[PDB]
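Residue numbers (the UniProt record's numbering), protein chains in the order written: chain B, 19 to 102; chain F, 39 to 134; chain R, 21 to 82. Built from N, CA and C at the ideal position, the CB exists for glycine as well.
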Amino acid sequence: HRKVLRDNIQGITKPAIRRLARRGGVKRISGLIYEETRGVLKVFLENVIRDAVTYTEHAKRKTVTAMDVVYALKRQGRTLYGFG
Amino acid sequence: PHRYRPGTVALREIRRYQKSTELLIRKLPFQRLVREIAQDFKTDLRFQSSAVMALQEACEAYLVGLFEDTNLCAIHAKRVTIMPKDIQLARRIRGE
Amino acid sequence: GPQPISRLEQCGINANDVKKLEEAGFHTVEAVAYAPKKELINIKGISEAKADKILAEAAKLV
DNA sequence: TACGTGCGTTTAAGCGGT
DNA sequence: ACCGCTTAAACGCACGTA
């Protein structure tokens, strides 16, 4: 038995980032934005997930719950409604 | 053959996506990314479905807001095109 | 023989951590391998998670 | 001169079942 | 986690112009 290592951030594609920017009201977009956005996204995700898992570990669970994520977000001042 | 001028379709897309609420990043690559990042914090993790959806709602809300501020920075510099320096200014002033 | 620490980088340890191990003075997978977790953690810029990944992947290589 | 627009191609996301 | 089918989205490129 084995399962393989992977690299993912490039899966957040250019047209997706464009759609996000459109919802943000952006009309024109430099080519260098996409990579920059990816870095930013990664940092964000990392921070939230780091906290979420901490909660998961405190509860002595192996499954990250919606509440774990909600608590992480809350404690980072980014309160999320809808997943309680 | 018909062709819209640069900007017309962009504006159309802005109206379109500001009108709607659906998630804008594809499910499977986002999930893959989340599991990858999570692995460097704790081994053997599983995820509730709604946990991944929670992370995606939060991430997309964050990026959209950041793009709003970025856009404000671009316009401040008398541009209509967002650039990495716009993002970096926005994130510095946010305290990120 | 030796197992130069370069091969550890293909296991998915990031290259910065391998540079930190060489700065510490570990230059082979043999070097990281026969040490407990705390040796790698005391190195600047190395967490306990990276040390566990190093020892696990070194035990795979060694 | 770099980016928006359009067009042909290809790639994979999505959906449905299990 | 995987198989299969479909098709819409991504991608590569040409070109003009903002």
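- Query: Hey, is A69(R)'s beta-carbon within less than 8 Å of any beta-carbon in chain F?
  - Reply: Taking the first residue of the third sequence as 1, we reach residue 69(R) at position 49. Answer yes: the Cβ-Cβ gap between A69(R) and chain F drops below 8 Å somewhere.
- Item | Inter-residue CB distance, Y55(F) and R37(B) (contact presumed, cutoff 8 Å) | Locating residue 55(F) in the second sequence gives position 17, counting from the first residue. Locating residue 37(B) in the first sequence gives position 19, counting from the first residue. Indeed, because the Cβ distance is near 6 Å, the residues count as touching under 8 Å.
- Indicate whether at least one CB of chain B lies closer than 8 Å to the CB of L62(F). As a position in the second sequence, residue 62(F) is number 24, starting the count at 1. At least one chain B Cβ lies under 8 Å of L62(F).
- Query: Does any C-beta atom of chain B lie closer than 8 Å to the C-beta of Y42(F)?
  - Reply: Translated into the one-based positions of the second sequence, residue 42(F) becomes position 4. No, because no Cβ of chain B sits closer than 8 Å to the Cβ of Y42(F).
- Message: My output table needs one value for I131(F): the three-state DSSP class, helix, strand or coil.
- Response: Position 93 of the second sequence holds residue 131(F). The answer is helix: DSSP assigns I131(F) an H, G or I state.
- Task: Give me the Cα-Cα distance between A70(B) and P33(B), rounded to the nearest whole angstrom.
- Result: To locate residue 70(B), count along the first sequence from 1; it is residue 52. To locate residue 33(B), count along the first sequence from 1; it is residue 15. Looking at the two C-alpha atoms, the distance is approximately 29 Å.
- Any idea what DSSP makes of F46(R), helix, strand or coil? As a working mapping, residue 46(R) is identified with position 26 in the third sequence. Note: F46(R) maps to coil in three-state DSSP.
- Does any residue of chain B bring its CB to less than 8 Å from the CB of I125(F)? Taking the first residue of the second sequence as 1, we reach residue 125(F) at position 87. Answer yes: the Cβ-Cβ gap between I125(F) and chain B drops below 8 Å somewhere.
- Query: Is DSSP giving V82(B) helix, strand or coil here?
  - Reply: Numbered from its first residue, the first sequence carries residue 82(B) at position 64. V82(B) falls in the strand class under three-state DSSP.
- Query: How far does the alpha helix (DSSP H) with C97(F) in it reach, from first residue to last?
  - Reply: On the second sequence, position 59 is the one that residue 97(F) refers to. It spans 87 to 114 - the alpha helix (DSSP H) in which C97(F) sits, taken as one unbroken run.
- Message: Assess contact between the stretch 124 to 132 of chain F and the stretch 54 to 68 of chain B, defined as three or more Cβ pairs (one per stretch) separated by less than 8 Å. Is contact present?
- Response: yes
- Task: Could you tell me which chain F residues have their CB closer than 7 Å to the CB of residue 13(B), listed as they occur along the chain?
- Result: Lying outside 19 to 102, the shown extent of chain B, residue 13(B) is not represented and no answer is given.
- Query: When the Cα atoms are used, what is the spatial distance from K57(R) to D72(R)?
  - Reply: By 1-based counting over the third sequence, the position of residue 57(R) is 37. By 1-based counting over the third sequence, the position of residue 72(R) is 52. The straight-line gap from Cα to Cα measures roughly 7 Å.
- Can you tell me which of the three DSSP states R36(B) falls into? Start at 1 with the first residue of the first sequence, and residue 36(B) comes out as number 18. Of the three classes helix, strand and coil, the one that applies to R36(B) here is helix, per DSSP.
- Item | the stretch 29 to 40 of chain R / the stretch 103 to 116 of chain F touching (three or more Cβ pairs under 8 Å) | no
- Task: Specify the secondary structure class of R64(F) as computed by DSSP and reduced to three states.
- Result: Translated into positions along the second sequence, residue 64(F) becomes position 26. Three-state DSSP puts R64(F) in coil, outside helix and strand.
- Taking just the CA atoms, how far does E77(R) sit from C31(R)? The count along the third sequence starts at 1 and reaches residue 31(R) at position 11. The count along the third sequence starts at 1 and reaches residue 77(R) at position 57. Taking the straight line joining both Cα atoms gives about 6 Å.
- Any chance the CB of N65(B) is under 7 Å from a heavy atom of the ligand GDP? With respect to the ligand GDP, the structure shown offers nothing to examine, as it has no ligands at all.
- Alpha-carbon spacing of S58(F) relative to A48(F), whole angstroms: In the second sequence, the residue the question calls residue 58(F) occupies position 20. In the second sequence, the residue the question calls residue 48(F) occupies position 10. If I take the Cα positions, the gap works out to 16 Å.
- Using a beta-carbon distance cut-off of less than 7 Å, what residues from the stretch 31 to 43 of chain B approach chain F? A34, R37, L38, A39, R40, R41, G42, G43
- What is the residue span of the alpha helix (DSSP H) that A69(R) lies within? As a working mapping, residue 69(R) is identified with position 49 in the third sequence. Where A69(R) is concerned, the enclosing alpha helix (DSSP H) stretches over 68 to 81.
- Task: For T119(F), write down the residues that DSSP places opposite it in a beta bridge.
- Result: One-based indexing of the second sequence puts residue 119(F) at position 81. Answer by DSSP bridge pairing, in chain order: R46(B).
- Quick one: what's got a C-beta closer than 7 Å to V90(F)'s C-beta in the same chain, skipping five residues either side? Here residue 90(F) is taken as the residue at index 52 of the second sequence, counted from 1. Result list for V90(F): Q69, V72, in chain order.
- Message: Taking CB distances under 8 Å as the criterion, tell me whether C111(F) reaches chain B.
- Response: Within the second sequence, numbered from 1, the residue matching residue 111(F) stands at position 73. Not one chain B Cβ lies under 8 Å of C111(F).
- Based on the DSSP secondary-structure assignment, which residues constitute the bridge partners of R84(F)? Sequence index remark: in the second sequence, residue 84(F) carries index 46 (1-based). In the DSSP output, where bridge partners are listed per residue, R84(F) has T81(B).
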